[PDB]
Amino acid sequence: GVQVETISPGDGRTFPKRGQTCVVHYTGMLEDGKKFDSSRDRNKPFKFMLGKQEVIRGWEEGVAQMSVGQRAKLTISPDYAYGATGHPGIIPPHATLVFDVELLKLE
Amino acid sequence: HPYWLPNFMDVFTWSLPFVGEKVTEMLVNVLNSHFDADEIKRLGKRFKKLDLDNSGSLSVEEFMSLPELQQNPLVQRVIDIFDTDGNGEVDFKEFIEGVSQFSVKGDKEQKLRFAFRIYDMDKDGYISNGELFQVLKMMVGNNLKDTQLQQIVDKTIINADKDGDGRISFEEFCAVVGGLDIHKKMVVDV
Ligand SMILES: CC[C@@H]1/C=C(\C)C[C@H](C)C[C@H](OC)[C@H]2O[C@@](O)(C(=O)C(=O)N3CCCC[C@H]3C(=O)O[C@H](/C(C)=C/[C@@H]3CC[C@@H](O)[C@H](OC)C3)[C@H](C)[C@@H](O)CC1=O)[C@H](C)C[C@@H]2OC
Ligand SMILES: [Ca+2]
Ligand SMILES: [Ca+2]
Ligand SMILES: [Ca+2]
Ligand SMILES: [Ca+2]
């Protein structure tokens, strides 16, 4: 599934629930480490509402285990990412993904 | 430095998987021509259950009553495309003819015609720059800067505008999209 590994810890109490919106900065890399996307390169944090089927299952299960201020490395299996199909022109099939995610704020 | 999509992708190849996913999700949730007698009879039952005010035409307020459609950014486009006569609401004939574009055993070209109609807001047959930006804005929201989204919209149209009229016709759209097989994702059981 998704393996959450802490890089920098945040406040332990505030965890995002269903209906809340997580404001994050992320850098997406293939399993070998090669970057394919980064919100930091865009200077625009990424936002999504939990429980509304807006992100891959690795982000739904992974970011939920994170807390405000925490920065973590998310290793996501294909079945929780883009599976045996991949994403056209970006993610290859059966690709394990590594996401460096930091939960900036909840709104 | 101008912004590029991952792997220098065009905005159609980039947004189409999300388009096909969220349109399928909307219809599957609404359901919880190419039809036979029983399949039309099944659709008549699920239509009357969502009419709410019994006016005989599904409106925007009734569509947003389902909680699974509240955060779906492609709801209004599907409603706008279903609204064939353009009266703001969806009749039963528009409902049947709108769902028929996603039934299995349907044509591939008509499924690409619906994908084209997602971006072609005014339904004139050409995707203008303002249309492509606005529809992508509904899906992107605040996750991109308007300057970033405007830049990739410009590059996509410029590279896809074969005849040079600043718009994307269905033939130009099919030249960019054809290899995606997006029609295989636009299938709903009846
Ligand atoms: C107009 C289309 C819309 C795009 C945006 C609103 C901009 C937004 C910043 C996406 C990036 O755009 C520059 C870009 O980011 C990635 O690079 C990434 O790093 C990732 O993986 N992210 C990034 C976010 C964290 C989780 C994870 C993810 O879930 O993304 C979702 C995704 C791709 C879901 C697919 C859709 C179809 C379905 O078949 C499939 O089922 C498994 C799941 C995005 C946010 C869609 O909800 C909305 C869009 O698609 C992935 C590779 C591609 C993605 O571009 C498309
Ligand atoms: Ca009504
Ligand atoms: Ca109508
Ligand atoms: Ca148009
Ligand atoms: Ca043109």
# chains A, B, ... in the order shown; residues from 1 in each chain; ligands from 1
>>> residues_near_ligand(ligand="ligand 4", cutoff="10 Å", atoms="only C-alpha atoms and all ligand atoms", output="ChimeraX atom specification")
/B:116-117,119-132,167-169
>>> interface_residues(of="chain A", to="chain B", cutoff="8 Å", atoms="only C-alpha atoms", output="PyMOL selection string")
chain A and resi 36-37+42+44-47+52+87-90
>>> residues_near_ligand(ligand="ligand 2", cutoff="9 Å", atoms="only C-alpha atoms and all ligand atoms", output="ChimeraX atom specification")
/B:50-62,89-91
>>> atom_distance(atom1="atom CA of residue 11 of chain B", atom2="atom CA of residue 85 of chain B")
29.3 Å
>>> closest_residue(among="A:49, A:1, A:17, A:29", to="residue 83 of chain A", atoms="only C-alpha atoms")
A:1
>>> atom_distance(atom1="atom CA of residue 26 of chain B", atom2="atom 12 (O, counted along the ligand's line) of ligand 1")
21.3 Å
>>> residues_around(residues="residue 106 of chain A", least_positions_apart="2", cutoff="7 Å", atoms="only C-alpha atoms", output="list in words")
residues 16, 20, 21, 22 and 23 of chain A
>>> write_last_selection(atoms="N, CA and C atoms", output="mmCIF file, in the first residue's frame")
data_model
loop_
_atom_site.group_PDB
_atom_site.id
_atom_site.type_symbol
_atom_site.label_atom_id
_atom_site.label_comp_id
_atom_site.auth_asym_id
_atom_site.auth_seq_id
_atom_site.Cartn_x
_atom_site.Cartn_y
_atom_site.Cartn_z
ATOM 1 N N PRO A 16 -5.802 15.563 9.713
ATOM 2 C CA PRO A 16 -6.939 15.891 8.847
ATOM 3 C C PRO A 16 -7.991 14.793 8.859
ATOM 4 N N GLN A 20 -12.237 18.013 5.500
ATOM 5 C CA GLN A 20 -11.244 19.069 5.601
ATOM 6 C C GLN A 20 -10.395 19.128 4.335
ATOM 7 N N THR A 21 -9.712 20.255 4.159
ATOM 8 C CA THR A 21 -8.870 20.499 2.994
ATOM 9 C C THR A 21 -7.420 20.587 3.442
ATOM 10 N N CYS A 22 -6.570 19.742 2.866
ATOM 11 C CA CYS A 22 -5.155 19.708 3.210
ATOM 12 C C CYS A 22 -4.364 20.571 2.236
ATOM 13 N N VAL A 23 -3.596 21.516 2.773
ATOM 14 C CA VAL A 23 -2.719 22.372 1.981
ATOM 15 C C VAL A 23 -1.309 21.813 2.100
#
>>> closest_atom_pairs(of="chain A", to="ligand 1", cutoff="8 Å", atoms="only C-alpha atoms and all ligand atoms", output="tab-separated table")
residue	atom	partner	partner_atom_place_in_ligand_line	distance
A:26	CA	ligand 1	25 (C)	7.6
A:27	CA	ligand 1	19 (O)	7.0
A:28	CA	ligand 1	19 (O)	4.8
A:29	CA	ligand 1	19 (O)	7.8
A:36	CA	ligand 1	17 (O)	6.2
A:37	CA	ligand 1	17 (O)	4.8
A:38	CA	ligand 1	19 (O)	6.8
A:39	CA	ligand 1	9 (C)	7.0
A:46	CA	ligand 1	9 (C)	6.3
A:48	CA	ligand 1	45 (C)	7.7
A:53	CA	ligand 1	47 (O)	7.8
A:54	CA	ligand 1	47 (O)	4.5
A:55	CA	ligand 1	29 (O)	3.3
A:56	CA	ligand 1	29 (O)	4.0
A:57	CA	ligand 1	29 (O)	7.7
A:59	CA	ligand 1	26 (C)	5.8
A:80	CA	ligand 1	42 (C)	7.9
A:81	CA	ligand 1	42 (C)	6.0
A:82	CA	ligand 1	42 (C)	4.5
A:83	CA	ligand 1	42 (C)	7.0
A:86	CA	ligand 1	42 (C)	7.8
A:87	CA	ligand 1	52 (C)	6.5
A:90	CA	ligand 1	52 (C)	5.9
A:91	CA	ligand 1	52 (C)	6.0
A:99	CA	ligand 1	19 (O)	7.7
>>> closest_residue(among="B:94, B:172, B:21, B:165", to="ligand 3", atoms="only C-alpha atoms and all ligand atoms")
B:94
>>> residues_around(residues="residue 102 of chain A", least_positions_apart="2", cutoff="9 Å", atoms="only C-alpha atoms", output="count of residues only")
16
>>> atom_distance(atom1="atom CA of residue 76 of chain B", atom2="atom CA of residue 153 of chain B")
21.1 Å
>>> select_by_dssp(residues="chain B", states="alpha helix (DSSP H)", output="MDAnalysis selection string")
chainID B and resid 11:30 37:48 60:63 75:82 92:99 108:119 129:140 146:160 170:177
>>> residues_around(residues="segment 187-189 of chain B", least_positions_apart="6", cutoff="10 Å", atoms="only C-alpha atoms", output="PDB file with N, CA, C and O atoms, in the first residue's frame")
ATOM      1  N   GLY B  20     -12.462  11.845 -17.973  1.00  0.00           N
ATOM      2  CA  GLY B  20     -13.154  10.574 -18.111  1.00  0.00           C
ATOM      3  C   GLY B  20     -13.507   9.948 -16.775  1.00  0.00           C
ATOM      4  O   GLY B  20     -14.545   9.295 -16.639  1.00  0.00           O
ATOM      5  N   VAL B  23     -16.480  12.264 -15.076  1.00  0.00           N
ATOM      6  CA  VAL B  23     -17.757  12.135 -15.769  1.00  0.00           C
ATOM      7  C   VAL B  23     -18.365  10.763 -15.508  1.00  0.00           C
ATOM      8  O   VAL B  23     -19.574  10.639 -15.275  1.00  0.00           O
ATOM      9  N   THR B  24     -17.541   9.713 -15.541  1.00  0.00           N
ATOM     10  CA  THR B  24     -18.029   8.375 -15.217  1.00  0.00           C
ATOM     11  C   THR B  24     -18.521   8.306 -13.777  1.00  0.00           C
ATOM     12  O   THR B  24     -19.563   7.703 -13.497  1.00  0.00           O
ATOM     13  N   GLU B  25     -17.784   8.923 -12.849  1.00  0.00           N
ATOM     14  CA  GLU B  25     -18.200   8.926 -11.450  1.00  0.00           C
ATOM     15  C   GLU B  25     -19.554   9.604 -11.278  1.00  0.00           C
ATOM     16  O   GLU B  25     -20.406   9.123 -10.521  1.00  0.00           O
ATOM     17  N   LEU B  27     -22.065   9.912 -13.478  1.00  0.00           N
ATOM     18  CA  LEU B  27     -23.156   9.106 -14.014  1.00  0.00           C
ATOM     19  C   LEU B  27     -23.397   7.860 -13.172  1.00  0.00           C
ATOM     20  O   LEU B  27     -24.548   7.492 -12.918  1.00  0.00           O
ATOM     21  N   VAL B  28     -22.324   7.198 -12.730  1.00  0.00           N
ATOM     22  CA  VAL B  28     -22.479   6.020 -11.880  1.00  0.00           C
ATOM     23  C   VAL B  28     -23.203   6.387 -10.591  1.00  0.00           C
ATOM     24  O   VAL B  28     -24.029   5.618 -10.084  1.00  0.00           O
ATOM     25  N   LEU B  31     -26.877   7.060 -11.321  1.00  0.00           N
ATOM     26  CA  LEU B  31     -27.582   5.809 -11.567  1.00  0.00           C
ATOM     27  C   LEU B  31     -27.597   4.886 -10.350  1.00  0.00           C
ATOM     28  O   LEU B  31     -27.847   3.684 -10.498  1.00  0.00           O
ATOM     29  N   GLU B  39     -33.729  -1.467 -20.415  1.00  0.00           N
ATOM     30  CA  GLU B  39     -32.702  -0.499 -20.044  1.00  0.00           C
ATOM     31  C   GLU B  39     -33.272   0.913 -19.972  1.00  0.00           C
ATOM     32  O   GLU B  39     -32.880   1.703 -19.106  1.00  0.00           O
ATOM     33  N   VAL B  99     -27.154   9.915 -21.391  1.00  0.00           N
ATOM     34  CA  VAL B  99     -26.566   8.690 -20.859  1.00  0.00           C
ATOM     35  C   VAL B  99     -26.190   7.739 -21.989  1.00  0.00           C
ATOM     36  O   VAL B  99     -25.245   6.951 -21.861  1.00  0.00           O
ATOM     37  N   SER B 100     -26.898   7.810 -23.119  1.00  0.00           N
ATOM     38  CA  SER B 100     -26.636   6.901 -24.230  1.00  0.00           C
ATOM     39  C   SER B 100     -25.233   7.064 -24.798  1.00  0.00           C
ATOM     40  O   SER B 100     -24.705   6.120 -25.396  1.00  0.00           O
ATOM     41  N   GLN B 101     -24.614   8.233 -24.624  1.00  0.00           N
ATOM     42  CA  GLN B 101     -23.263   8.438 -25.128  1.00  0.00           C
ATOM     43  C   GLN B 101     -22.216   7.662 -24.341  1.00  0.00           C
ATOM     44  O   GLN B 101     -21.068   7.578 -24.789  1.00  0.00           O
ATOM     45  N   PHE B 102     -22.580   7.099 -23.188  1.00  0.00           N
ATOM     46  CA  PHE B 102     -21.649   6.372 -22.338  1.00  0.00           C
ATOM     47  C   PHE B 102     -21.973   4.893 -22.227  1.00  0.00           C
ATOM     48  O   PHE B 102     -21.242   4.161 -21.550  1.00  0.00           O
ATOM     49  N   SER B 103     -23.047   4.436 -22.861  1.00  0.00           N
ATOM     50  CA  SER B 103     -23.380   3.021 -22.837  1.00  0.00           C
ATOM     51  C   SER B 103     -22.337   2.218 -23.600  1.00  0.00           C
ATOM     52  O   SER B 103     -21.762   2.692 -24.585  1.00  0.00           O
ATOM     53  N   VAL B 104     -22.083   0.993 -23.127  1.00  0.00           N
ATOM     54  CA  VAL B 104     -21.246   0.085 -23.891  1.00  0.00           C
ATOM     55  C   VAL B 104     -21.959  -0.239 -25.201  1.00  0.00           C
ATOM     56  O   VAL B 104     -23.167  -0.011 -25.358  1.00  0.00           O
ATOM     57  N   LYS B 105     -21.192  -0.758 -26.162  1.00  0.00           N
ATOM     58  CA  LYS B 105     -21.638  -0.949 -27.541  1.00  0.00           C
ATOM     59  C   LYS B 105     -21.939   0.376 -28.228  1.00  0.00           C
ATOM     60  O   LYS B 105     -22.648   0.406 -29.239  1.00  0.00           O
ATOM     61  N   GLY B 106     -21.421   1.480 -27.676  1.00  0.00           N
ATOM     62  CA  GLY B 106     -21.524   2.770 -28.319  1.00  0.00           C
ATOM     63  C   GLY B 106     -20.312   3.078 -29.178  1.00  0.00           C
ATOM     64  O   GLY B 106     -19.244   2.487 -29.021  1.00  0.00           O
ATOM     65  N   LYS B 111     -18.006   9.113 -28.408  1.00  0.00           N
ATOM     66  CA  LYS B 111     -17.408   9.303 -27.091  1.00  0.00           C
ATOM     67  C   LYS B 111     -16.316  10.363 -27.126  1.00  0.00           C
ATOM     68  O   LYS B 111     -16.120  11.083 -26.140  1.00  0.00           O
TER      69      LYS B 111
END
>>> closest_residue(among="B:162, B:184, B:1, B:41", to="ligand 5", atoms="only C-alpha atoms and all ligand atoms")
B:162
>>> select_by_dssp(residues="chain A", states="strand (DSSP E)", output="ChimeraX atom specification")
/A:2-8,21-30,35-38,46-49,71-76,97-106
>>> residues_around(residues="residue 75 of chain A", least_positions_apart="6", cutoff="7 Å", atoms="only C-alpha atoms", output="ChimeraX atom specification")
/A:2-4,97-99
